[PDB]
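One line per chain: the protein sequences are A, B and C, in this order. Using the deposited numbering, the letters of the first sequence map in sequence onto residues 276 to 330. Using the deposited numbering, the letters of the second sequence map in sequence onto residues 56 to 110. Using the deposited numbering, the letters of the third sequence map in sequence onto residues 23 to 97. Working notes for the structure below.
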Amino acid sequence: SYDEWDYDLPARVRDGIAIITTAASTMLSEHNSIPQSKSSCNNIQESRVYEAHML
Amino acid sequence: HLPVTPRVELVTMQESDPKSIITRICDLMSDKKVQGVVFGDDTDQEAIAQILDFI
Amino acid sequence: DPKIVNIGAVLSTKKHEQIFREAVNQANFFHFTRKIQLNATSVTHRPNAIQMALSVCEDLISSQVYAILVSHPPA
């Protein structure tokens, strides 16, 4: 199993945030484009979110 | 230094449910337009991952 | 004493819901109602997956369904 002792849960969360924002930074570097998209599930998925695959 | 700065909204919920999680995650979606989510749990439950995956 | 045992379903149209309830009542009438009774609950298909799942957790499972029936939507 994964160890709690080595790194605590907040450190792991920091890893997650870092991954999301690093992916955002790299995607930015490639297309200079904001990853930000409309989040609302109830309606149809926001346009250009279909573009998200590359992310 | 990473080109995009993170804007974070944190929320916690006590016990897991398909309804609670689905409702809340969509609720945070709102107009908010979040582009990423990290989930963490104290729970031993297998099922949870799939649910969030479905979302 | 009777015990009301719910059933739940998602169907194409309200007419088919009425058909469902009718069949359920046929089941109740033709089997012991003294020991147990069956009760019917149903809902139309929703536009996304999510409204429907929310419907199951809220509209159906709150009724303590012992089982669910499902059908393909009109479109």
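Cβ coordinates follow ideal geometry from the N, Cα and C atoms, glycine included.
With a 10 Å radius around the Cβ and a threshold of 16 neighbouring Cβ atoms, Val78 (chain C) comes out buried. Contact annotation: in the segment 76 to 102 of chain B, residues whose CB is within less than 9 Å of a CB in chain C are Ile77, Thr78, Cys81. Note on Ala71 (chain C): under 16 other CB atoms within 10 angstroms of its CB, so exposed under the neighbour-count rule.
Cβ neighbours of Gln100 (chain B) within its own chain (closer than 8 Å, five residues either side excluded): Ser71.
Proximity of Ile72 (chain C) to chain B, defined by a Cβ-Cβ separation below 9 Å, is satisfied.
Per DSSP, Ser308 (chain A) lies in no beta strand (DSSP E) segment and is marked neither H nor E. DSSP places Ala31 (chain C) in the strand class (E or B) of the three-state scheme. Note that the segment 57 to 67 of chain C touches the segment 25 to 45 of chain C; at least 3 beta-carbon pairs, one per stretch, sit closer than 8 Å.
Scanning C:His67, C:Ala75, C:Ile26 for the CA closest to the CA of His38 (chain C) turns up C:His67.
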